[PDB]
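# Understanding the architecture of this molecule
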Amino acid sequence: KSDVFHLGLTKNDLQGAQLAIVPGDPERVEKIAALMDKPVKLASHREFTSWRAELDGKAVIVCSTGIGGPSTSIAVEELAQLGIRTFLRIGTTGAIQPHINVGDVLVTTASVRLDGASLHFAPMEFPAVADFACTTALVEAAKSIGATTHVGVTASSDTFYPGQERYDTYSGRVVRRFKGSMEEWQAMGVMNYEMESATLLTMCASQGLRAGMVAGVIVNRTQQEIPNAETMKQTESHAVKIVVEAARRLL
Amino acid sequence: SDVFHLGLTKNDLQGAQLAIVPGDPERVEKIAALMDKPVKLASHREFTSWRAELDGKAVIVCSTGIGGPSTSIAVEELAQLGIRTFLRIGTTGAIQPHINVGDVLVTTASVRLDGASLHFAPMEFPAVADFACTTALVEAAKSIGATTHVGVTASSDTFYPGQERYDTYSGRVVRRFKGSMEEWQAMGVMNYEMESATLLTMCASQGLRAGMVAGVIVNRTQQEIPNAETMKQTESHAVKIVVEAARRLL
Amino acid sequence: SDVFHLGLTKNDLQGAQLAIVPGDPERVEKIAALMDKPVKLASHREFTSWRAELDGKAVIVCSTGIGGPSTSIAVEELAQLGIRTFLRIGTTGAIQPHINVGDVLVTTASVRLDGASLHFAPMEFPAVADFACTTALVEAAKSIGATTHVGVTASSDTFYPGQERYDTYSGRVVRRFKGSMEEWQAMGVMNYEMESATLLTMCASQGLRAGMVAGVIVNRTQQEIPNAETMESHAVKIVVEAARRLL
Amino acid sequence: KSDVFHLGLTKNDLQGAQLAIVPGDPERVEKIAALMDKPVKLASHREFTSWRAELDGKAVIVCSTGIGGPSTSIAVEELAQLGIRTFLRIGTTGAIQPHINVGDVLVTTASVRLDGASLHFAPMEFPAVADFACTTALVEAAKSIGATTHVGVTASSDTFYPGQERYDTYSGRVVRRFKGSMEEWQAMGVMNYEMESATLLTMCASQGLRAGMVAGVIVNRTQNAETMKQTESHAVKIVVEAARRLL
Amino acid sequence: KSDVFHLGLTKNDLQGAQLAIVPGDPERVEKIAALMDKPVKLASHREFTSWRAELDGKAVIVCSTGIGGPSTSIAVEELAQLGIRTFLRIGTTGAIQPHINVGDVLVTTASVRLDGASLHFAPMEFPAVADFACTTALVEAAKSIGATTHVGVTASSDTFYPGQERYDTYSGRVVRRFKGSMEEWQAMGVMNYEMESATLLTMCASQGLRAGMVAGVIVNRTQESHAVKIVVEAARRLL
Amino acid sequence: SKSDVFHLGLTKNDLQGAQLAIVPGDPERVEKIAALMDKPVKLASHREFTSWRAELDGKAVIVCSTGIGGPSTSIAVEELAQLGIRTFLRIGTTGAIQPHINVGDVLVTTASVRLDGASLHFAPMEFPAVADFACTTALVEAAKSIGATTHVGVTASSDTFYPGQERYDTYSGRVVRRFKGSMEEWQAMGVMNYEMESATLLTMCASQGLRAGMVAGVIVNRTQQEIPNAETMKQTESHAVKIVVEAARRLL
Ligand SMILES: O=c1ccn2c(n1)O[C@H]1[C@H](O)[C@@H](CO)O[C@H]12
Ligand SMILES: O=c1ccn2c(n1)O[C@H]1[C@H](O)[C@@H](CO)O[C@H]12
Ligand SMILES: [K+]
Ligand SMILES: [K+]
Ligand SMILES: [K+]
């Protein structure tokens, strides 16, 4: 029994939930859901793992999107069908600005559309802009936690390699369009790359859905250290604490 | 004297770092008179500039004229003079049935139906407002009890075809814009105006802060032409909001 | 009155079918004063409009302000008012080493580096001047004896990055425009300005006649901004003589 | 532990393999592997589950891509880093031609690029084309198996909904560009919609890698479970047999 | 021998010519040349047939381009290599405005770039604009010949069928882009369709060569000798 | 004057039931391709469109030139399809851009980089300029039958011979921004060669239910110094022509 093609969920399964937290990794779903009351596994199909839970007496969904806009668009669409109206994406990310450290938290106001799925919802002229309420909740939750936060634009790429101008690859080549592109995003003040927000934010802002995006900085292109596992795990839980507190303000 | 178009010098600004940029040169005077020590600085072309003081802090008011090109000149030369924050105040025609004339719109980002924004960033880049600025605008409109709508604005290089107006000399709109208004409407776009895409883009991609607020004068979905007195209170209302917002950003 | 921006009525025009359209409102009166019976009409925003008379015919002078968007407003509403021929007089930056400040440039067509022209025709459509208007402009220029250059113009939505000026706040220009000036120059492009692409496209694609002429106030192969200070009535007298031939 | 960032694989894991079969669904990896000799699990991370097997004494990889071009581009790139030079996508699909029925097998010569990831590898003018040897192998194996086979173009979309012009959705609207697009693909002779091939074929064709695609039609858009299953098993047999001819 | 790859012409063959009249049809070259002094056949390769004649004691070239921008661009480049600096195209065309009649002469000021080759010389933003002295000579020649002449914008298409929105084809299909395009061109005041001017004009205007465009109307979509005489007389004025 | 089509000057009767056409660019090459077949006979010649009929294993086959470029290619293909042709085999010569490809080698195109304008008149840029599988198979097999050294892959199809193939030895010596550094990119992407008709041919056929294939003889290598004389070039041309005819046999 399922009301949607991919997620293997019913409207009944949601228990009146209208907000979902949407990480990329199916394995981070339970860990996120465990921070709320009465966490319970719902379904798991392909890259879509969903759990339901409770915040302040209200039902909340946690569901993975997988990597990239296409699978993200499927989860967002099918959750919307089942009644979700607010989406909070939590992620990890690599920063392209020197002044941003591993451990910091990024809140995305809007994304550069280096994806394709967003164009399936709005013409490129349309802004991949986050919901103001969502962004406010995220920024506020970050501050009441004491996290060092940066708010601004994020480049959202359909690839991990060429679209983020990595040259350490099989071909060692990046297509004309992306040559010298990172230095250009940096000069334009772009904070980071990730791979889902352009699709998420465009498809929501153009369909009367609310969307927010927050991420933990676990690496920095422009820095020379690495550094290590324990801070990456620590920062991750920061962002996770943050997205849950934000969700609390939006219920 | 220092910049080509505005005819202003670094000295004229008095260490001012924030600017309110209306479109109408004739509205500059008024906005500035709402603050302490209003003083006229210059007037060239569509650029009239005044200095004023807000909580003891120098602030500039400078008209942009209609459209991205002249806006982009005003902002650039002001940034050259030290301005880092820009708050646009304007008038708009709502295109959502639920938005009544006299409402206040705060723009988080704009649909880029202009050309000047492309001179700063490729189309993929979001014409997104600065968070602090948008927050200040929202909190000002609320503290003043204005019915506020917060969302996306379609920013057009034309008043007529780009906003799909057919009541014209030619009566035709180019293919790309045939059926575009209903599209924007279905997408939740609040309104049309003609500067924010250039503004938000050129600021967000150059390390400058920008926000925009506007008062609704018309509604492309309602039939009653607005009351000549409501439009006036609304404008002064949007103007009250932008001035209050600037205080938070000083 | 009859229109949303200009504050004009058909009556104000007095049967005028031609308009001279400069950018700066503060020189509308100065152009009007070259003709007979100049009378100010209106002034709202960047649109200052005057009426004059040339060889016993009514002529309008109305400023566009800087850029296609306000130009598109002026042109459209003037058209509603009955204007069918538009002659733009402007200032410009030369990108060819041999063009002197004070020279008169007549534009056959423009490189569309704007956005407003796209609101009238797809990019494939040429931003081309009306041939009668261009002939009148060239013929009038030959009458005056001005050092004149005829050809293509780059029309930009910005004064700075779109014309590849680097002396700016950021000192950077977006990828699209890096090394663009050199390319227009190699293509034989004469100059930069900010309104002709919009004007010529919206007119050529709506059955309206349009001409374009400008005085050089900077050579960009030398510097980004004029000194200047400076101090071309030549282009202005040419646009008036031209309008004379088109009445 | 790992030579790549996502797949969690080292070169040793491939045991010299140069060919990978790439399904989308991580849970179909075992079943495909199970058709070959000495099938063994390798790793599972995110949507990337990988198995190794053997075909006529040669090491073969099966690795899922997840849904869509972005994750696909990661799987292919990292596998290429591990030494894979030939990629065969196996899939399920919905036909958009009236003459293409469920149970049929489609071999894709090239794809309509309705995705974003292909552009990170080559400009839009570049063909998202399959490698000829792979296509030959897939076609010949299908003929060997007796499958009703269609060889041609496929539409590859970054979405399952608007990009395939579905309206039975939360918004009930499809963006301008995709309005009436299905009927156009149909009149152009396009066989089907799926979600990975544009990325897969473009990134391979522009990087000296071989790629091909076969899929089973389980559904027709213009108009049961057990016959859906029996079809997939046949398209799966097809890809495995084609793999043999490419080793 | 030849100094160029396709035309099979030598610089010597031009005898100093600096102006070319460029028809589309190779079979039309001889006819045009025979309206001038001392017409001599030069070469004939692929769709490029070239003659030399003499006009007012000046060497002039007549060279066919074939149909379409690509071969047109080959002929122009290779003629420019041989010293040609001025190109006048003479063509046939279908008018798309009710007021233009078959037998009328059209002079093109600029073209809608519905082609590909023009993009090999300038970005789409660049106008496919004709040279002013050439357009002037064509317009003044038209008066001399006594032809009903319209001056304005031409739609230059890479195809004869779908790009001119013809549906009477094998497929009966025209691609999204060109569905409803003819009516829009008409509403924009576009005069006619043809297939070479966008390329010709763009490549000349962006490379410092002079080009002009004139054509006889052979059909009107809403329902050649003059044009040839005009192009020859205009060539006189440009020597 | 008896033609069912606007340009070609051909009637259906002329085809005598033919359903396949060989479509070279050069009008002068039509006669010589038909000469590899039985009972060849000239049908017509108008503009750059010269056509012959001939027999292959007892079946009527058309040979018709397209002229240089997608526009006249698009006319020749459309009007022949009207006449009944359903399969098109283009044979050309080409300049290779890969060092490993030798002059005299033969290229079979699986799909083309669309550096043309005519293709867009049949399908948006997203659509692949891809060859029919049967035709490509026929050409590859035929290449083996003849014994040619064959490469199969992607071709760059450009609307110009000069700036679009990044040639600088020109009147202007200028190459527009889009094409600056393009040959090096195509090379890096594995593209085999440049030519000027295939993007149009392949797109219009693949998006209109027609079959099309592309084979070419390499008469020059852009990466190499030495340029072969007409003798070895004519020799190359012969091989490709033999291959297109042999390939046609398998498609009848
Ligand atoms: O380099 C120059 C010189 C003059 N102009 C210019 N660029 O653009 C034109 C603007 O409308 C206006 C802005 O200065 O004046 C024109
Ligand atoms: O509608 C028309 C009518 C005539 N022409 C045309 N389009 O294009 C020109 C081609 O060179 C050639 C193709 O028929 O003839 C010209
Ligand atoms: K995925
Ligand atoms: K203005
Ligand atoms: K040709």
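Per the PDB record, this model was obtained through X-ray crystallography at a reported resolution of 2.1940 Å.

What follows deals with the overall build of chain D. The helix and strand inventory of chain D stands at seven helices and ten strands. Projected onto the principal axes, the alpha-carbon positions of chain D cover approximately 50 × 40 × 30 Å. For chain D, the proportion of its 247 residues judged to be buried stands at 64%. If you sum the accessible surface of chain D, you get close to 8,200 Å²; carbon and sulfur atoms cover 49% of it. Taken together, the 24 basic and 26 acidic charged side chains of chain D have centroids lying 1 Å from each other.

Interface size, as often reported, equals the accessible area lost upon joining of the parts. With four residues of chain E in contact, the opposing surface of chain D contributes six residues. Carbon and sulfur atoms make up 38% of the area that chain E and chain D hide from each other, which totals about 390 Å². Its salt-bridge partner being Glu184(D), residue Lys179(E) comes within 3.8 Å of it at the nearest N-O pair. Looking at the side of chain E that touches chain D residue by residue, the class counts come to one nonpolar, no polar and three charged.

A few words on the site of ligand 2. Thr92(E), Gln164(E), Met195(E), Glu196(E) and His7(F) are the nearest of the 13 residues found near ligand 2. Contacts to ligand 2 include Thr92(E), whose backbone N or O atom sits 3.3 Å from a nitrogen atom. Side-chain polar atom of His7(F) to an oxygen atom of ligand 2: 2.8 Å apart, as the coordinates give it. For ligand 2, the protein covers 96% of the area, taking 360 Å² as the surface of the free molecule. Counting only elements with at least two residues in the shell around ligand 2, the list comes to β5 (86-95) and β9 (192-194) of chain E. For the shell around ligand 2, the class distribution of residues is four nonpolar, five polar and four charged.

The rules behind these values
- Residues numbered from 1 in each chain as written, not as in the entry; some residues may be left out.
- Chains lettered and ligands numbered in written order.
- Heavy atoms only, no water.
- Residues with missing side-chain atoms left out of burial classes, pairs and counts.
- Helix = DSSP H or I, 4+ residues; strand = E, 2+ residues; numbered from the N terminus.
- Buried < 20%, exposed > 50% of the residue type's maximum accessible area, 1.4 Å probe, protein only.
- Areas by Shrake-Rupley, 256 points an atom, 1.4 Å probe, with all protein chains shown as cover.
- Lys, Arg positive; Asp, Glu negative; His and termini not counted.
- Charge placed at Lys NZ, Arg CZ, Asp CG, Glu CD.
- Contact = heavy atoms within 4.5 Å.
- Buried area = accessible area lost by both parts, 1.4 Å probe.
- Salt bridge = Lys/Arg side-chain N within 4 Å of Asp/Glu carboxyl O.
- Nonpolar A, V, L, I, M, F, W, Y, C, P; charged D, E, K, R; others polar.
- Near = heavy atom within 4 Å.
- Polar contact = N/O pair within 3.5 Å; in protein donor to acceptor, adjacent residues only side chain to side chain.

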